[PDB]
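These notes are about the structure you will find just below.
There are 2 protein chains.
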Amino acid sequence: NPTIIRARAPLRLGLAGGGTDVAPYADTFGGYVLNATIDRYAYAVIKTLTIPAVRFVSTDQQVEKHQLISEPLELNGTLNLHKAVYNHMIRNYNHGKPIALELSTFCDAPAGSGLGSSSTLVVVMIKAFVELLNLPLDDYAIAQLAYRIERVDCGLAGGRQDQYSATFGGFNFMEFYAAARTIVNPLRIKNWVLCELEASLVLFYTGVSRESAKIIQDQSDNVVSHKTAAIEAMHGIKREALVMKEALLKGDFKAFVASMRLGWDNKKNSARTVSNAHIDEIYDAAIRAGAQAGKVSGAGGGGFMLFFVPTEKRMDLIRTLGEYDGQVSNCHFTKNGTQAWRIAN
Amino acid sequence: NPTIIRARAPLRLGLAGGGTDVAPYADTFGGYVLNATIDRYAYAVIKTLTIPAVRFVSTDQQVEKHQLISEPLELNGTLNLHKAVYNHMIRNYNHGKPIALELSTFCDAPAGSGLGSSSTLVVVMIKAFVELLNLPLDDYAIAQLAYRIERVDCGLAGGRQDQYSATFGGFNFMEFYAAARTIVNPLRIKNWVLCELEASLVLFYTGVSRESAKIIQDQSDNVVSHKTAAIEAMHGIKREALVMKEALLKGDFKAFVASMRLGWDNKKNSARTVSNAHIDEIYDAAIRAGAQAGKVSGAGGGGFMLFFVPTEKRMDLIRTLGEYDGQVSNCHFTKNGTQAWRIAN
Ligand SMILES: OC[C@H]1O[C@H](O)[C@@H](O)[C@@H](O)[C@@H]1O
Ligand SMILES: OC[C@H]1O[C@H](O)[C@@H](O)[C@@H](O)[C@@H]1O
Ligand SMILES: [Cl-]
Ligand SMILES: [Cl-]
Ligand SMILES: [Cl-]
Ligand SMILES: [Cl-]
Ligand SMILES: [Cl-]
Ligand SMILES: [Cl-]
Ligand SMILES: [Cl-]
Ligand SMILES: [Cl-]
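Chains as they are written, first to last, in the authors' numbering: chain A, 2 to 346; chain A', 2 to 346. A prime marks a further copy of an entry chain.
The following block contains the structure:
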């Protein structure tokens, strides 16, 4: 009988260090990222089919259908990530015999949101197959596989932090070294600290970023072409990620906001398009309204912004942001990583 | 040294039965409500003061200051709920001796959202005092106190369901009887059911409702003046709340959507202003886009709508709602009730 599986994986806020996890920097100097998963998800669904076909459906409702063939599916530029996950699973776990199924995805945030959805989507597709095939893949293995599939098989450039947040969940401080070596440090944050942090964070969706590819290219060029000042901006991004991690472990909110301010200055100095006049206007208005610090989540150039605001100024900040283009929301963290469940069989 | 306490309490989605928990109906026939707390909060903060004064600050930033007097504060129509909570605590737990403090509130949703914020705000103010004074008030006692303060001391009409959701948290099926007797039934929903439900729910904020008072007045008049058909609509609201509860416990999503459709029809028939042409247009568009059921959370007339959509139509629904006036969000449930923490002393 037909099997139906669903999997979900949480999206993430990049709190600090983002950009240091990308190849040239992470391989040369070692990267640090502090991130935390939130209550918005990417999803994948597998439905086994009673016809000899394979169908792929994407979040923006592109759809491809193929006949059941004993060769890997071609990565032709349409739904490459879906096909690459399918190819890997059929080759490695099903002895190369095609499985008739429909693989679909959807997501609580669109592309370019600064919430890590591209890689989170790959993780959740892998997780659905883990559940379908009953695979003993541990969390490190799932995150590493997602990296391989996206960055190598599909050749899409980027870092490592999103694969780990989507898989592990929670607040994590990650260390990135050469030869694909990553250490995930789960942060066991005190309950009062988590509550205080949620009470002090405001999220603001500014619109779609089209800058991620350019920023990552620029940051990689900084290192390769030895751009001294821009490399030093990246060293600053790294330093402040460690300062922020220690601030959260110590419940030191003064140090937390200071590190976010320094981090944001460094991040903007690392690549030209991280911020722009539009983002700066919103940032300036938020600070005037009483926010103490803020930043763009993800590479930069648009997507979600996050602000730290003392509770007595929170409603004023929310009102102020209402006057700008974009959507305000609260910030609610999740402790669980990717999960799967069955609906049929 | 100065003490700082914060408390938070989750807001709630009224899944079924709302309106049957209000006095004339609940006292005469018994009410049923099924509700669930979500990841948006009301907050209260108490700061002890070093000057002989008391200050109250509201979510919309009204502010009152008074000198320290050994008489109850007058409920003059400005910040009555703040003053009434303060009055009760000073009289019952501090032998009538004034305490110098600032009591402030803020909230993740504005007034008229259909998320139960008015009563949730009272609960969270009580919880801050529970923490400040180290009171042994259990959950039933906190919810009952919040009812008394809001409905009796401040004379504001309404039901009982919000006090209980804010205090207890989670998915609850509540039974309301005469003489203020309430039974809270926590629903121990299977993990797959919760995940499936979140994957199938879409929230849509339509704007502020100004209809709550009118709807509740009308529903109360139905009973008092023996309006036969409108009373029978309310009996239907009640019946479908029980059907929906059993559907969730049995993981029966077909029965869940059928009960929501019948519930919504009954709810609209119980009071003239529950829906309107604007809400009906949005509802109609959501159904055409693929939603299977939907309703307004809270009394009606505006505020949050919720839609049940099969996962293969979810992104289409989200796109469609984008074309209407209001804000789309995912739906994420919380299991915890009201909580407090300390920042100073
Ligand atoms: O560049 C910021 C950020 O962008 C994407 O989300 C990924 O490539 C991450 O690995 C990286 O940290
Ligand atoms: O009338 C619907 C709803 O409105 C408010 O939230 C309260 O008065 C509740 O007790 C009631 O169930
Ligand atoms: Cl970052
Ligand atoms: Cl994203
Ligand atoms: Cl991102
Ligand atoms: Cl980032
Ligand atoms: Cl209801
Ligand atoms: Cl509300
Ligand atoms: Cl309400
Ligand atoms: Cl309701």
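We put the beta carbon where it would ideally sit given N, CA and C, even for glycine.
Quick check: does the Cβ of residue i come within less than 7 angstroms of any heavy atom belonging to ligand 2?
{"i": "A300/A'", "result": "yes"}
{"i": "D253/A", "result": "no"}
{"i": "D163/A'", "result": "yes"}
{"i": "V123/A'", "result": "no"}
{"i": "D22/A'", "result": "yes"}
{"i": "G264/A'", "result": "no"}
{"i": "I217/A'", "result": "yes"}
{"i": "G303/A'", "result": "no"}
{"i": "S120/A'", "result": "yes"}
Do residue i and ligand 9 come close, with the Cβ less than 7 angstroms from some heavy atom?
{"i": "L116/A'", "result": "yes"}
{"i": "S213/A'", "result": "yes"}
DSSP three-state label for residue i, please.
{"i": "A180/A", "result": "coil"}
{"i": "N186/A", "result": "strand"}
{"i": "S71/A'", "result": "coil"}
{"i": "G295/A", "result": "strand"}
{"i": "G171/A'", "result": "coil"}
{"i": "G264/A'", "result": "helix"}
{"i": "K191/A", "result": "coil"}
{"i": "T106/A'", "result": "strand"}
{"i": "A37/A", "result": "strand"}
{"i": "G237/A", "result": "helix"}
{"i": "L116/A'", "result": "coil"}
{"i": "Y44/A'", "result": "strand"}
{"i": "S226/A", "result": "coil"}
{"i": "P25/A", "result": "helix"}
{"i": "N135/A", "result": "coil"}
{"i": "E65/A", "result": "strand"}
{"i": "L16/A'", "result": "strand"}
{"i": "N331/A'", "result": "strand"}
{"i": "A272/A", "result": "coil"}
Please confirm whether residue i and residue j have their CB atoms less than 8 angstroms apart.
{"i": "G115/A", "j": "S221/A", "result": "no"}
{"i": "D140/A", "j": "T121/A", "result": "no"}
{"i": "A101/A'", "j": "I52/A'", "result": "yes"}
{"i": "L69/A", "j": "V55/A", "result": "yes"}
{"i": "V124/A'", "j": "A142/A'", "result": "no"}
{"i": "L204/A'", "j": "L307/A'", "result": "yes"}
{"i": "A287/A", "j": "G295/A", "result": "yes"}
{"i": "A27/A'", "j": "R9/A", "result": "no"}
{"i": "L188/A'", "j": "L263/A'", "result": "no"}
{"i": "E176/A'", "j": "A341/A'", "result": "no"}
{"i": "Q145/A'", "j": "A180/A'", "result": "no"}
{"i": "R343/A", "j": "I5/A", "result": "yes"}
{"i": "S260/A", "j": "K269/A", "result": "no"}
{"i": "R7/A'", "j": "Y42/A'", "result": "no"}
Near residue i, which residues of its chain fall below 8 angstroms by C-beta distance, leaving aside the five closest residues on each side in sequence?
{"i": "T274/A", "result": "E212, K215, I216, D219, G301 and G302"}
{"i": "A37/A'", "result": "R13, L14, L16, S166, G171, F172, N173 and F334"}
{"i": "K228/A", "result": "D222"}
{"i": "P311/A'", "result": "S201, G291 and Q293"}
Is residue i near ligand 8 - that is, is its Cβ less than 7 angstroms away from at least one heavy atom of it?
{"i": "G113/A'", "result": "yes"}
{"i": "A45/A'", "result": "no"}
{"i": "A110/A'", "result": "yes"}
Any heavy atom of ligand 7 closer than 7 angstroms to the Cβ of residue i?
{"i": "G15/A'", "result": "yes"}
Spatial neighbours of residue i within its chain, please: C-beta separation below 7 angstroms, excluding the five flanking residues on both sides.
{"i": "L243/A'", "result": "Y33"}
{"i": "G18/A", "result": "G32, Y33, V34, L35, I238, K239 and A242"}
{"i": "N88/A", "result": "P73 and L74"}
{"i": "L80/A'", "result": "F57, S59, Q63 and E65"}
{"i": "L157/A'", "result": "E151"}
{"i": "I127/A", "result": "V86, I143, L146 and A147"}
{"i": "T29/A'", "result": "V224"}
Does the Cβ of residue i lie closer than 7 angstroms to at least one heavy atom of ligand 10?
{"i": "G19/A'", "result": "yes"}
Among residues of its own chain, excluding the 5 on either side of residue i, which ones have a beta-carbon nearer than 6 angstroms to its beta-carbon?
{"i": "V329/A", "result": "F205, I319 and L322"}
{"i": "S105/A'", "result": "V46 and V58"}
{"i": "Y94/A'", "result": "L134"}
{"i": "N2/A", "result": "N346"}
Between residue i and ligand 1, is the CB less than 7 angstroms from at least one heavy atom?
{"i": "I39/A", "result": "no"}
{"i": "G160/A", "result": "yes"}
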